[PDB]
Amino acid sequence: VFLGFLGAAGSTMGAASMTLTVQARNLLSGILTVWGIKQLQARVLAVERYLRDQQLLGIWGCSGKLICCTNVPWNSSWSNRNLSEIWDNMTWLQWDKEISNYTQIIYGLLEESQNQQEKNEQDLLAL
Amino acid sequence: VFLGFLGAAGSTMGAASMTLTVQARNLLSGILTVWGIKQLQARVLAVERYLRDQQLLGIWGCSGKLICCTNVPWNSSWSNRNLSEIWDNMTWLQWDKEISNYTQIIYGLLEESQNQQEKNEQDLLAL
Amino acid sequence: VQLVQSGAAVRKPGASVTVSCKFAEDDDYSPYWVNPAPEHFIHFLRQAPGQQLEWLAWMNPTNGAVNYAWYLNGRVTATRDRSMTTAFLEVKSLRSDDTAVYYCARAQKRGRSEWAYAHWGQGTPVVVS
Amino acid sequence: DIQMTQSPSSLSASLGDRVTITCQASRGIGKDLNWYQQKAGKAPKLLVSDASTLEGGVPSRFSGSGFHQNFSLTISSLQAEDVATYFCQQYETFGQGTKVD
Amino acid sequence: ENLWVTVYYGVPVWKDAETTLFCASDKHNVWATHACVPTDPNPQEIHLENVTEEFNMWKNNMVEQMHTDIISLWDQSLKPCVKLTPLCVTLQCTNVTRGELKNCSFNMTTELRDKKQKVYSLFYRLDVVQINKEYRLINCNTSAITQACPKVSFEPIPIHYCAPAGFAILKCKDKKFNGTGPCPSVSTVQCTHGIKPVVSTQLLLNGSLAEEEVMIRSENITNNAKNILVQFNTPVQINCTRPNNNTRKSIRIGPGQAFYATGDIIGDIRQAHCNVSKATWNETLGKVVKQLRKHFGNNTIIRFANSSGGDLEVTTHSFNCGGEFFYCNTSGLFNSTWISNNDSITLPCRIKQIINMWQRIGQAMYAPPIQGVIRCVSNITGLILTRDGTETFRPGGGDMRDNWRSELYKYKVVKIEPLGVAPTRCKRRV
Amino acid sequence: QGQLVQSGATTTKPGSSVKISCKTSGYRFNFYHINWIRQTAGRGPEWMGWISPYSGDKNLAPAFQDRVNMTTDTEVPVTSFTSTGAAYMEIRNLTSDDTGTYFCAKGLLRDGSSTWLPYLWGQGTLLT
Ligand SMILES: *[C@@H]1O[C@H](CO)[C@@H](O[C@@H]2O[C@H](CO)[C@@H](O[C@@H]3O[C@H](CO[C@H]4O[C@H](CO)[C@@H](O)[C@H](O[C@H]5O[C@H](CO)[C@@H](O)[C@H](O)[C@@H]5O)[C@@H]4O)[C@@H](O)[C@H](O[C@H]4O[C@H](CO)[C@@H](O)[C@H](O)[C@@H]4O)[C@@H]3O)[C@H](O)[C@H]2NC(C)=O)[C@H](O)[C@H]1NC(C)=O
Ligand SMILES: *[C@@H]1O[C@H](CO)[C@@H](O[C@@H]2O[C@H](CO)[C@@H](O[C@@H]3O[C@H](CO[C@H]4O[C@H](CO)[C@@H](O)[C@H](O)[C@@H]4O)[C@@H](O)[C@H](O[C@H]4O[C@H](CO)[C@@H](O)[C@H](O)[C@@H]4O)[C@@H]3O)[C@H](O)[C@H]2NC(C)=O)[C@H](O)[C@H]1NC(C)=O
Ligand SMILES: *[C@@H]1O[C@H](CO)[C@@H](O[C@@H]2O[C@H](CO)[C@@H](O[C@@H]3O[C@H](CO[C@H]4O[C@H](CO)[C@@H](O)[C@H](O)[C@@H]4O)[C@@H](O)[C@H](O)[C@@H]3O)[C@H](O)[C@H]2NC(C)=O)[C@H](O)[C@H]1NC(C)=O
Ligand SMILES: *[C@@H]1O[C@H](CO)[C@@H](O[C@@H]2O[C@H](CO)[C@@H](O)[C@H](O)[C@H]2NC(C)=O)[C@H](O)[C@H]1NC(C)=O
Ligand SMILES: *[C@@H]1O[C@H](CO)[C@@H](O[C@@H]2O[C@H](CO)[C@@H](O)[C@H](O)[C@H]2NC(C)=O)[C@H](O)[C@H]1NC(C)=O
Ligand SMILES: *[C@@H]1O[C@H](CO)[C@@H](O[C@@H]2O[C@H](CO)[C@@H](O)[C@H](O)[C@H]2NC(C)=O)[C@H](O)[C@H]1NC(C)=O
Ligand SMILES: *[C@@H]1O[C@H](CO)[C@@H](O[C@@H]2O[C@H](CO)[C@@H](O)[C@H](O)[C@H]2NC(C)=O)[C@H](O)[C@H]1NC(C)=O
Ligand SMILES: *[C@@H]1O[C@H](CO)[C@@H](O[C@@H]2O[C@H](CO)[C@@H](O)[C@H](O)[C@H]2NC(C)=O)[C@H](O)[C@H]1NC(C)=O
Ligand SMILES: *[C@@H]1O[C@H](CO)[C@@H](O)[C@H](O)[C@H]1NC(C)=O
Ligand SMILES: *[C@@H]1O[C@H](CO)[C@@H](O)[C@H](O)[C@H]1NC(C)=O
Ligand SMILES: *[C@@H]1O[C@H](CO)[C@@H](O)[C@H](O)[C@H]1NC(C)=O
Ligand SMILES: *[C@@H]1O[C@H](CO)[C@@H](O)[C@H](O)[C@H]1NC(C)=O
Ligand SMILES: *[C@@H]1O[C@H](CO)[C@@H](O)[C@H](O)[C@H]1NC(C)=O
Ligand SMILES: *[C@@H]1O[C@H](CO)[C@@H](O)[C@H](O)[C@H]1NC(C)=O
Ligand SMILES: *[C@@H]1O[C@H](CO)[C@@H](O)[C@H](O)[C@H]1NC(C)=O
Ligand SMILES: *[C@@H]1O[C@H](CO)[C@@H](O)[C@H](O)[C@H]1NC(C)=O
Ligand SMILES: *[C@@H]1O[C@H](CO)[C@@H](O)[C@H](O)[C@H]1NC(C)=O
């Protein structure tokens, strides 16, 4: 099936996670007059917001990945939910709300876990 | 030899394929007055067209690659030409014309072949 | 749209005649916000009774440039008024064979076929005798 | 300098017949030919421009084709209102005309 | 066989597109060349071996883009300048001690709004119309009028059009390349050569010559309604001068508003004119008449006549010399009939001041008078003929984009599309 | 993927020279060599030589080096990837041993190990 842009918004986190490229395509293209400056401001805004998400993927060792596995172990303080009660029960919309507070913390952990990982790889290849 | 920007435009697809970084460098740098707004419109246009090619490479698992090998098998309906009659006979200009129609189809195949590849890698590392 | 021409005329051999042709309907309106494309030439043609259609000259209403037919021998002049809404065709040294119905034709502004006369006038019968 | 040979000079057909008129050029003119229809006591009306482009408002029964030197104007299923004189146009030179009856 | 598609990023392939170009250059001139990016001292020209591209100078969008850029820069360079609408008042004019230039006195507003002043100024005939005799500036009943700022220069400065990143320009190295067709030798450049935006009529001035032979270009040369763009290979020199020693006189017409009027002539009253070498113009007309036979016949006779009508701008060699807009009679250059098989020509040029520049009806410009004696030297490197619908060719023009087309034929804008998919016996791992 | 038409059957006598044409179309002439090959009565087929329209280079067998005049014009471009060329061939000391059918052949590929291989042939010309 082909649900469309945000088609799986109401589907479960597991279902939507197979339709990632759907939302990844339309993030950069889409699904001195008044309109002239109004459009230019939007064309620059789209690029800035895109490169910010790409910037975070880059410093997490996830550049080029849609599904990216990391080294940060899941702190149960963030959410003490079982695996089967998340990917087959919740929607990404609900999940983003429940992890609203802890999102900024995870973003830092994913960063130093990458600068230490490549610092280690620089030593693994020092022989 | 150093042919220059588009130097191998008339050379064979194999010859030009060794001079990829030549064309890759000058894709982003180059080889309220009237000119002021005329130049700003061009500086934004160059970035948008660049990130679109990078966006496609990213969702094909080719981000960072110049020569990228995939999993989509070559449908002979697209072109029933032999390997030696392409890379040592044709020029990329001719090739882009002969594959004009089927180009949009290949671009979709290269996308899901990557979202299924990483979905599989997420399972290979689930143990 | 049809072009408006002047009424019929009768002239002696050796006299002159002026055939007007209102090709536009403006007065003091033309500047826009975007740069407009060039205008199409106003062509003048005649057809003698029972003869073929004969091209005489075209006249650029923007700057007044003209291209008169060879066989006219400089006996024809084509101008336009200040408002550039009315063309004029003057034929000097009239002779008997100049008796014909005189038309003005213009291509369509949307099209780029300068000779595809989409617009025509009702004709002006000129008789020299 | 160019010479347009239109043939035939006159023809007659019944209501519903297929009528074709040809214009031959003494040398290559690309697709720069226009077809007109002129009735008695009226100004011509543009039928086909650029050899093969039907003008807007002209009934679909008309059609034109040609390139280089051989051109043609066709009326599929003749009608009563089609009685007029048809002539091709190459720049300032016209064909000698065809009187349909 | 075992063939999988593989992605290639950076493949020499392009498409015909049209993008927004930007300028590059090397007092402020009207063409704001100071606002352009500096022309790079190392101009990279890459030659495309084996490549053969189709060109069509008559569809080129660079021309249509340049033409509105100049118009756009012209309008930009007149906003801050003074408006001469208070000059649209009744003039009392007398001849000057034939009858071309006048001597006109009017009541004018001072810097105080309740005081007048009876000032006088000289005006060329072409700038006034009747009603001491009572006159009036020509523009008053059609358009407002704006005095050109006397610090901007009308000097053509070499401008280079550059394409953005990811686009390119394709030159045409073919020494005998006419208008359209497939250019055998092609190269790619980032910007065009130094194009001088010379606004001219009939005679293409100071432009770029043709190598080898003299070329002739046209869409349909069999179409009489298409201007012939003939390009010389050897320049014929033309010398123009207004010899009157004019003087400029400031007239305060308001707070901060000064109208520069023509004061008086210091010395002899003479005619403005242009000289061309009659010998060099004879041999150049011959080179033209030669290539004219290749399209019309070795036996037919080629005749040159003067214009047949129109406005002053198109019936005369219209141009600009040291800041003043000349309008030269050319009947002395196109008066020859050619069969199958010290010298100087002098042209009577008039001078105007109320000029509408392009074809805009609503935006007139007063060119302030230039002090001193004006003389300029320039090459006529091209021509704009028009055959009569014996094949006779007469000069003409008007549409300023033919001027730009005479220098932009060599170039074409293409869009680089570097993604290429092609099969090989390659596959990635698991 | 085009035609390589040749001249007619011009039958002379020993001592003289014969010039055979080969006018190309439907393909970029300067991108492939032009091979010359003959099949005479008395032997089988014999490869004479090829010439590179692009580089102007010529390579021919020692059995015909001092006999063959091999020259090419310059292509007149038709489209981006099409042109029209012409290849010429002459023979010096002509005899009756050299009587046979002669052809021109377009090279096979633009690179690799079979660049000049006679792939696309003409129709043949009958000599003395
Ligand atoms: C533009 O387009 C033209 C025409 O398509 C291209 O010209 C072709 O280039 C290819 C590759 O560059 C050529 O194929 C090669 O051919 C050589 C054979 O040459 C040898 O023999 C010749 C005769 O004895 C001799 O002249 C050569 O000597 C050198 O000097 C001459 C002087 O005239 C010079 O012109 C030559 O180029 C030579 O450099 C030489 O001794 C052959 O050896 C090659 O095969 C080797 O390499 C390949 C890999 O490339 C390998 O697979 C083989 O196994 C072998 O190792 C190769 O086949 C072709 O002959 C040219 N001409 C044609 C097709 O008509 C040109 O390259 C294009 N340029 C651009 C920039 O696009
Ligand atoms: C365009 O038209 C304008 C007119 O609108 C001309 O301007 C006038 O030009 C004339 C000359 O052509 C000027 O007349 C001269 O005025 C001089 C100034 O003297 C005045 O002031 C003194 C006080 O110092 C008084 O005594 C005197 O009466 C004047 O009122 C005089 O010096 C000149 O005298 C000369 O002529 C007389 C008689 O001909 C001789 O006897 C003298 O010896 C002497 O040679 C002369 O009278 C006039 O002033 C100008 N008007 C203005 C407002 O400036 C422009 O010249 C004209 N330009 C062109 C190019 O055609
Ligand atoms: C075609 O091109 C010609 C040359 O490229 C143009 O000639 C130029 O015309 C302008 C104005 O008409 C001249 O500028 C003037 O210069 C004089 C003084 O110049 C002299 O002094 C300077 C000292 O700085 C010296 O360097 C020069 O060489 C001269 O000796 C000023 O008094 C004026 O105010 C004005 O600035 C150019 O000098 C002149 N160039 C040449 C080489 O003659 C010609 O105008 C062009 N034609 C058209 C129709 O555009
Ligand atoms: C006017 O010019 C056009 C384009 O330059 C000519 O059109 C070409 O004509 C030739 C010969 O008839 C054809 O082989 C081409 O295919 C045509 N190309 C296009 C794009 O139409 C046209 O023939 C010219 N007309 C005249 C009267 O000279
Ligand atoms: C400037 O001189 C010319 C030339 O003498 C004058 O032109 C004359 O104008 C009158 C009208 O008032 C005509 O009747 C004459 O036929 C004209 N003569 C010529 C030779 O054309 C002109 O009037 C003078 N202007 C002023 C302001 O004195
Ligand atoms: C007018 O004449 C020639 C153009 O042919 C120019 O003079 C030559 O300019 C070239 C390059 O600028 C030099 O290599 C030659 O040495 C010059 N010749 C001489 C005799 O000086 C001249 O600059 C042109 N003027 C323009 C275009 O304004
Ligand atoms: C043109 O006229 C001006 C004055 O109207 C002349 O300028 C004078 O030049 C001399 C030097 O030759 C100076 O001593 C004067 O002071 C200048 N006068 C002014 C008012 O500035 C100029 O020489 C004349 N030029 C020509 C070619 O006639
Ligand atoms: C145009 O003007 C130029 C320069 O003002 C003239 O060139 C001069 O010609 C004479 C005679 O041959 C030479 O002695 C000078 O040396 C030349 N000047 C320069 C700067 O080289 C030219 O003759 C004039 N031509 C016309 C047609 O008026
Ligand atoms: C969970 O997070 C808290 C603070 O938010 C931290 O103190 C604790 O060590 C974390 N536990 C694990 C297992 O990471
Ligand atoms: C985040 O902090 C706010 C503080 O007002 C709290 O109300 C909210 O419950 C917190 N989020 C979660 C998921 O506990
Ligand atoms: C080739 O493409 C067609 C449709 O374009 C498809 O039906 C067919 O299955 C494809 N074949 C292979 C081998 O991929
Ligand atoms: C692509 O489709 C068009 C349809 O008009 C067709 O003419 C063309 O041949 C197709 N491309 C290829 C490579 O077959
Ligand atoms: C200026 O105004 C006065 C007021 O009566 C008038 O007499 C005079 O003629 C005017 N001057 C001009 C040049 O119009
Ligand atoms: C402006 O005045 C001139 C006088 O020369 C007249 O011929 C013309 O018709 C007028 N034009 C307009 C638009 O009023
Ligand atoms: C330019 O040259 C080509 C080939 O020589 C020719 O087909 C074309 O008609 C020429 N252009 C003109 C305007 O004659
Ligand atoms: C052209 O020449 C004729 C006769 O030589 C002349 O009457 C006419 O005024 C001239 N036209 C121009 C614009 O010089
Ligand atoms: C141009 O000059 C000729 C004679 O040299 C003259 O007959 C003609 O009238 C002039 N042009 C104009 C527009 O006056």
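Each chain gets a letter, A, B and so on, in the order the sequences are listed, and its residues count up from 1.
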Taking atom types as modelled, is there a side-chain donor on B/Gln54 or E/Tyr9 under 3.5 Å from an acceptor on the other?
yes
What pair of heavy atoms forms the shortest contact from E/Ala422 to B/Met13, and how long is it?
CB-CE, 3.8 Å
Using only atom types and a distance under 3.5 Å, with no angle test, would you say the side chain of B/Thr70 pairs donor to acceptor with the backbone of E/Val5?
yes
Would a distance-only check, ignoring hydrogens and angles, find a side-chain to backbone donor-acceptor pair under 3.5 Å from B/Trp95 to E/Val421?
yes
dist E/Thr20:OG1 -> B/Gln39:CD (nearest 0.5 Å) comes out at 10.5 Å
Chain B heavy atoms under 4.5 Å from E/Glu45: which part of the residue, side chain, backbone, both or neither?
neither
Measure distances from E/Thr19 to the heavy atoms of chain B and classify the residue's part below 4.5 Å as side chain, backbone, both or neither.
side chain
With no hydrogens and no angle check, is any side-chain donor or acceptor of B/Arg43 less than 3.5 Å from a backbone partner on E/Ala165?
no
Roughly how far apart are B/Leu56 CG and E/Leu419 CG, rounded to 0.5 Å?
6.0 Å
For residues B/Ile86 and E/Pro423, report the shortest heavy-atom separation together with the two atoms involved.
CD1-CG, 4.4 Å
Any idea which heavy atoms bring E/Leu73 and B/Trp35 closest together, and the distance?
CD1-CZ2, 3.4 Å
Shortest non-hydrogen pair, E/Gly10 vs B/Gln23, comes out as O-NE2, 2.9 Å
Side chain, backbone, both or neither: which part of E/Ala163 has a non-hydrogen atom closer than 4.5 Å to chain B?
neither
Does B/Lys65 have more than 12 heavy atoms from other residues, nucleotides or ligands lying within 6.0 Å of its NZ?
no
Heavy-atom pairs under 4.5 Å with chain E - which of B/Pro73, B/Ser76, B/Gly4 has more of them than the others?
B/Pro73
Kindly indicate whether the side chain of E/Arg425, heavy atoms from C-beta on, has any atom under 4.5 Å from the side chain of B/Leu83.
yes
Compare every heavy atom of E/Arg428 with every heavy atom of B/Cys62, then report the nearest pair and how far apart it is.
SG-NH2, 4.0 Å
Closest non-hydrogen atom pair, B/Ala42 against E/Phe22:
CB-CD2, 4.5 Å
Region of E/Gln76 in contact with chain B, defined by heavy-atom distances below 4.5 Å:
side chain
Contacting region of B/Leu93 [heavy-atom separation from chain E under 4.5 Å]
both
